[PDB]
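One chain comes next, on its own, written out as structure tokens in the form solved without the RNA.
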């Protein structure tokens, strides 16, 4: 598998799992809004989190929708970023775990989850291409290498 097939297969795999990556710039801003909502420990349902983000994101990125922001939220859920609460018949609320209440940390779980999906899908992808895929540059090679290590090997 050449680079072009790897990337196409990756995003198929992500969408296949009810998740979504919106592109490096858009996803960045999406995560920044999630964190704006949750960094102080507020506890929001899917509905309310989605509504919060989509209303701030659509002006700058008009392709944004409830569905697609739902999928990003799903990605972060699938990555165990949230403490989830339930009082019967209220909706499930999500809080960011304390350890993930910063852009750098949250972004690391996020990136890891996508890498995990590549693994579930049998897709071997180098750190250079990972940086390209998730950041649109090559300055995050080492950051991604580190994530691969932690997913493959016990520390």
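Numbering follows the first chain given and starts at 1.
Remark: stretch with higher mean C-alpha B factor among 84-92 and 37-45 is 84-92.
Among all modelled residues in its chain, residue 23 ranks in the lowest third by Cα B-factor. When the modelled residues of the chain are ordered by their C-alpha B factor, residue 146 lands in the middle third. Looking at the C-alpha B-factors along this chain, the one for residue 139 belongs to the highest third.
Looking at the C-alpha B-factors along this chain, the one for residue 16 belongs to the highest third. Per the deposited record, the Cα B-factor of residue 65 falls in the middle third when ranked against the other modelled residues of its chain.
The discussion below concerns the form solved in complex with the RNA, not included here.
Between the RNA and the residues 102, 126, 91, 55, the one pair within 4.5 Å by heavy atoms in the entry with it bound involves 91. The RNA in the entry with it bound comes within 4.5 Å of no heavy atom belonging to residue 95.
At the 4.5 Å threshold, heavy atoms of residue 18 reach the RNA in the entry with it bound.
Mapping the unseen interface onto this chain, residue 108 falls outside it, with no heavy atom inside 4.5 Å of the RNA in the entry with it bound. Interface residue remark: residue 136 is not counted as part of the site for the RNA in the entry with it bound, having no heavy atom within 4.5 Å. Contact residues in stretch 46-78 (any heavy atom within 4.5 Å of the RNA, taken in the entry with it bound) are 46, 47, 63, 65, 66, 67, 68, 74, 77, 78.
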